[PDB]
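Chains as they are written, first to last, in the entry's author numbering: chain E, 1 to 119; chain F, 1 to 109; chain C, 13 to 43, 54 to 244; chain C', 13 to 43, 54 to 244; chain B, 100 to 174, 188 to 234; chain A, 47 to 48, 54 to 80, 88 to 128, 135 to 269. A prime marks a further copy of an entry chain.
Ideal placement from N, C-alpha and C gives every residue a C-beta, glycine not left out.
The structure appears right after this line, and notes come after that.
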Amino acid sequence: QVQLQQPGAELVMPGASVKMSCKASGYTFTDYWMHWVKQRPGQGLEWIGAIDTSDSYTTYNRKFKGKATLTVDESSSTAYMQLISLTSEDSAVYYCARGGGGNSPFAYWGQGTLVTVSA
Amino acid sequence: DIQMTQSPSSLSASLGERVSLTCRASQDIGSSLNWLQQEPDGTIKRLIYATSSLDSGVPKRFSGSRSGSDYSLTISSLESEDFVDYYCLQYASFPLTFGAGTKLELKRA
Amino acid sequence: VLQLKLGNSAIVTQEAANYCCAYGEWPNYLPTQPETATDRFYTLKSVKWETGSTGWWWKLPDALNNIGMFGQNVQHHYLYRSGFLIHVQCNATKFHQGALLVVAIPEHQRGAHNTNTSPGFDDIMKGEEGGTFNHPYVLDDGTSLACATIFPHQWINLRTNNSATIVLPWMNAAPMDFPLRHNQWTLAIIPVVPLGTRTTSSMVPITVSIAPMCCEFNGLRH
Amino acid sequence: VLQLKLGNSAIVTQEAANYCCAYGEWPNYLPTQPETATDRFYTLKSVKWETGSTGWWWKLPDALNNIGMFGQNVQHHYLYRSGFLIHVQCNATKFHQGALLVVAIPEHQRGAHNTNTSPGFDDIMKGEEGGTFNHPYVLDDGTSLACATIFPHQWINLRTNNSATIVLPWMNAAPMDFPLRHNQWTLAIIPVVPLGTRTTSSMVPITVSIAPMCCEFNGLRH
Amino acid sequence: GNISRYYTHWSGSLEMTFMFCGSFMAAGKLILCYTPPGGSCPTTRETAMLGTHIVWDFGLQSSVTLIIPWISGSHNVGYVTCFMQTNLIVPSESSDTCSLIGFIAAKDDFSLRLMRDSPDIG
Amino acid sequence: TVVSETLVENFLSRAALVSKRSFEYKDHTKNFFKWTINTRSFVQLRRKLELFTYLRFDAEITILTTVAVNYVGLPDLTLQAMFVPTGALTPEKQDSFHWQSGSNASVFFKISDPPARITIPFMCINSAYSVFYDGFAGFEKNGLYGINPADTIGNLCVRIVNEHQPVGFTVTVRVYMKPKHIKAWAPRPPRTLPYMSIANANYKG
């Protein structure tokens with residue numbers, strides 16, 4: 001009934017960075033948070049940021065500050081991820097979670113995308 | 001950022017032989033913690049949240065306990081599909097951080 | 013019309029009389055002083071206030087972390103106790119309508135909507151940039167805006183007075199405090215009544231000035 | 013700005029000084055009194071004044087026949103003598119132009135156009151609703167409006183003063199009069215200069231207040 | 100209100116302050132009336148006039164001072193009626209919609225007693 | 047229909068239960091509890107104290123002990145209530161000496177007797193307690209938000225003096241706290257929205 005979908009890979013060269021789609025179904029999208037998790041092939045889990053659905057309020061990491069940009073749409077009940085100036089260093093599998101009032105949990109996850117960049 | 005120390009980073013065990021993984025935090029996060037199972041195919045699934053509380057649909061073999069300075073994840077009986085990457089996370093305060101992790105191995109010749 | 017001259021600078025302001033003293037007291041000295059070094063009003067960046075503006079908040083001394091001469095003494099010394107004189111002047115014509123509530127919230131604990139996760143360091147201390155109200159009706163701390171008038175406040179109405187002057191003494195449990203850690207006061211501008219105009223969208227600028235008057239410093243280092 | 017407080021109520025008004033006393037006298041007592059019972063200003067229904075508005079008239083006490091507390095004593099007692107303080111305040115912006123002549127006509131005999139038939143009871147006494155000038159140039163009595171200034175009057179100009187205050191003492195041949203029969207005074211607002219505006223049609227409201235100050239009553243019955 | 104919910108018996112005189120947040124050129128007048136306990140709530144206008152009332156103008160006074168005489172309650189009495197005296201006159205450049213903000217405070221005779229628990233858990 | 056009691060001293064001072072715990076005791080062939095005695099747990103006293111910013115008061119702790127039955137009869141146990149002030153590290157090697165150290169204040173009371181009543185003085189570095197603290201814990205630069213290390217009263221530690229008694233009875237302990245000499249500053253707006261967590265001010269709505 002409830003799941004998350006983020007299919008595709010979308011490999012890209014530097015000079016521009018691809019923007020994620022995260023779509024949710026099975027629950028009211030306006031009443032729940034949206035999170036993001038980055039899985040690096042070097043077994044890094046490093047967390048990206050969280051965005052509120054109602055407001056545009058976001059939270060970003062120190063090392064990821066100024067890079068990641070979060071935006072959501074309540075009309076399509078989806079979530080978007082906007083990066084800038086990706087280089088050959090950044091590669092990973094992107095995830096998007098939900099949360100909620102209690103526990104703000106990770107319980108539901110996506111399939112994941114394969115991002116491989118090269119010069 | 002508040003760092004989550006997960007040890008040991010690796011272990012080798014056979015079917016059975018219950019083993020608990022202990023995480024330590026430099027600050028007090030309260031009763032708020034989450035455990036995540038990471039499958040080799042790339043799909044992450046939650047297991048244990050808020051200490052004694054567990055997920056509906058996950059078998060009872062997964063359990064947890066707290067000595068009050070530490071957070072422990074106890075598995076009663078292991079299996080062949082129980083080899084994954086376990087991580088302890090603190091959702092009590094931003095930013096959310098991830099632990100070191102442990103890769104379960106099987107004793108062979 | 014009346015210019016308020018403090019230090020080597022000054023700003024043209026409305027006639028200042030019977031200014032609001034927070035909790036009926038003024039920032040006296042603790043029973054060197056920066057009446058020269060760091061004195062003059064520090065004008066922050068003018069925010070664009072539109073019809074859909076929820077509000078803005080500047081913690082003290084969060085917006086002052088690095089500002090002019092005062093930005094040096096923040097990380098320079100060990101402790102301080104400082105008063106604040108806040109003058110918020112909003113310039114507009116007689117054809118604009120609206121209301122702005124300038125209130126000082128002592129010891130403001132922020133919060134988040136529909137989650138138990140506590141905000142991080144970058145979310146609390148934003149520096150000079152300042153934040154924006156997520157839900158100004160609940161003040162973001164969980165309380166109600168209707169009873170929020172218990173604090174010191176002044177009313178800016180485009181009819182009567184377009185400016186406001188609030189004086190904040192030193193409010194703390196300790197005689198001195200840490201510059202980069204604890205925020206004693208909070209400055210918040212709450213647009214209870216939104217903007218309205220003949221045109222679909224307009225822009226009303228807001229000027230904010232803060233004077234760290236009658237303060238001290240201890241623990242000289244660096 | 014100055015509020016005029018009479019009785020248990022009051023109305024925000026312009027500064028009241030050197031008010032017009034009709035024929036240079038004030039309504040003194042005849043050589054119980056309603057300084058409490060029937061005292062406060064009774065505000066009539068606000069009339070919509072447009073470009074093609076000829077005018078309006080309220081006879082005294084025709085509009086007061088049944089109003090608030092005063093409506094009880096009209097049919098209750100046998101005779102009375104009452105003064106009147108009339109304050110007509112017309113609120114408008116600085117972009118509206120026009121002129122309003124507020125004049126009190128003592129002993130006003132109305133008339134009809136091009137007929138010898140005398141008006142009936144419903145045509146003379148209209149109660150609170152009030153009438154409308156058929157031909158305000160001739161005042162409807164056959165006289166001329168040019169020389170109509172001989173009565174007590176004040177000028178309401180959207181430039182100088184937007185309000186007017188006229189005090190009418192007791193004018194009668196007899197010391198007392200009949201409530202439902204004879205009308206001593208008449209209140210008339212004459213728009214000598216019509217309305218004009220950028221838009222084709224606008225609406226300018228007019229507020230009228232009448233205070234039966236310093237009166238008496240006799241012949242208690244019912 | 101929030102402090103009185105910790106108590107039961109409350110007796111004292113209240114006060115109401117109204118502020119007009121619209122533009123400077125807004126014309127027109129209003130009416131401000133109070134209803135005594137069991138006071139035959141006004142149908143249109145004149146019924147409200149039989150009690151304490153004041154005519155308030157947008158141009159002259161920008162604020163309202165209203166003293167209400169010593170209500171009472173413990174464990188339909190009062191009311192406040194507001195109507196349109198005349199039309200709202202605003203220029204072409206100003207917006208058509210204005211608003212108001214009501215205020216309430218307590219006088220020096222307001223008294224409280226008999227502490228209890230707040231009915232609102234959250 | 048139709054200022055003495057309105058004072059702050061009478062308003063904030065009332066007897067309420069800030070801790071409720073019952074340990075299961077049947078056969079052990088341990089038994090103890092410690093808690094930080096904070097006002098953020100009990101929901102009615104929390105919002106009661108959320109009205110004010112800084113508070114100065116002396117906590118008055120009273121321990122009420124009741125024994126239930128899971135006819136034998138109720139024996140009289142001897143209980144020890146020890147207060148551990150802030151700054152005392154707790155390396156618990158139970159069955160040996162920390163509890164009995166003469167530094168910490170302890171009190172002995174039986175089951176049948178007037179309830180043990182002690183008055184904790186005002187222990188702070190600053191002038192008064194901080195209910196609303198804007199900042200972070202200590203200087204860690206990212207240190208915990210919403211918790212001030214400057215104000216911690218301590219932990220209330222209670223155990224039974226006697227050894228294991230062969231009964232299946234469960235001991236219920238109730239701790240009431242009535243503050244005295246209350247001084248208030250900077251009143252704030254009440255919080256209508258429910259409490260999601262006691263660690264911070266987050267709201268749901």
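Going by C-alpha positions, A109/F is about 39 Å away from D90/E. Around the beta carbon of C140/B, fewer than 16 other beta carbons lie within 10 angstroms, which makes this residue exposed.
It is roughly 25 Å from the alpha-carbon of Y41/C to the alpha-carbon of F196/A.
By the neighbour-count criterion, in which a residue is buried when 16 or more other Cβ atoms sit within 10 angstroms of its Cβ, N179/C is buried.
Those residues of the segment 119 to 146 of chain C placed with their C-beta closer than 9 Å to a C-beta in chain E are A134, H135, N136, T137, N138, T139, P141, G142, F143, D144 and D145, ordered along the chain. The alpha carbon of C237/C' has as its nearest neighbour, out of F92/C', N30/C' and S68/C', the alpha carbon of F92/C'. Annotated three-state conformation of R105/A is helix, per DSSP.
Burial state of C112/C is buried, judged by a 10 Å Cβ sphere holding 16 or more other Cβ atoms. If you compare the alpha carbons of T165/C', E129/C' and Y159/C' with that of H204/C', the shortest gap goes to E129/C'. Just so you know, the alpha carbons of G77/C' and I212/C' end up roughly 5 Å apart. For the pair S21/E and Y80/E, the CB atoms are nearer than the 8 Å cut-off. The Cβ-Cβ distance between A233/C and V125/C does not fall below 8 Å. Note on geometry: alpha-carbon atoms of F173/C' and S211/B lie some 43 Å from one another. With respect to chain A, the C-beta atom of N188/B has no partner C-beta closer than 8 Å.
Put simply, the backbone Cα of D41/F is about 26 Å away from that of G100/E. The Cβ-Cβ distance between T102/F and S10/F falls below 8 Å.
Counting every other CB atom within 10 Å of its CB across the protein chains shown gives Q90/F a total of 16 or more, marking it as buried. Chain order gives the chain F residues near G207/A as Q27, where near means a beta carbon separation below 8 Å.
Look at the beta carbons and you see the segment 7 to 22 of chain F touching the segment 71 to 80 of chain F: at least three pairs across the two are nearer than 8 Å. For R220/C', the chain B residues whose Cβ falls inside 7 Å of its Cβ are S204, in order along the chain.
A check of alpha carbon separations from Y31/C' across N183/C', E151/C' and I228/C' identifies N183/C' as the nearest. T171/C' carries a helical assignment under DSSP once its states are collapsed to helix, strand and coil. Residue contact check for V215/C against chain B: a CB pair falls below 8 Å.
Cα atoms of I166/B and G190/B: separation of roughly 14 Å, rounded to the nearest angstrom.
For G102/E, the chain C residues whose Cβ falls inside 8 Å of its Cβ are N138, in order along the chain.
Residues of the segment 118 to 139 of chain B with a C-beta atom less than 7 Å from some C-beta of chain C' are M124, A126, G127 and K128, listed in chain order. Within the segment 74 to 93 of chain F, contact with chain A at the beta-carbon level (separation under 9 Å) is assigned to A92 and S93. With the criterion set as a beta carbon lying under 8 Å from some beta carbon of chain C', the members of the segment 151 to 165 of chain B are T151, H152, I153, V154, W155, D156, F157, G158, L159 and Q160, in sequence order. Note on geometry: alpha-carbon atoms of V12/E and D144/C lie some 31 Å from one another. Per the Cβ contact rule, the segment 15 to 28 of chain C is not in contact with the segment 62 to 79 of chain E (fewer than 3 Cβ pairs under 8 Å). For a cut-off of 8 Å, the C-beta gap from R72/A to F91/A is around 5 Å, short enough to register as a contact. Residues of the segment 250 to 264 of chain A with a Cβ closer than 7 Å to any Cβ of chain C, in chain order: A250, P251, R252, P253, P254, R255, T256, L257, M260, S261, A263 and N264. For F119/B, the enclosing beta strand (DSSP E) has its first and last residue at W109 to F119. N179/C' carries a strand assignment under DSSP once its states are collapsed to helix, strand and coil. For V226/C', the enclosing beta strand (DSSP E) has its first and last residue at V226 to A233.
If you compare the alpha carbons of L66/C', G153/C', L167/C' and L217/C' with that of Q197/B, the shortest gap goes to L66/C'.
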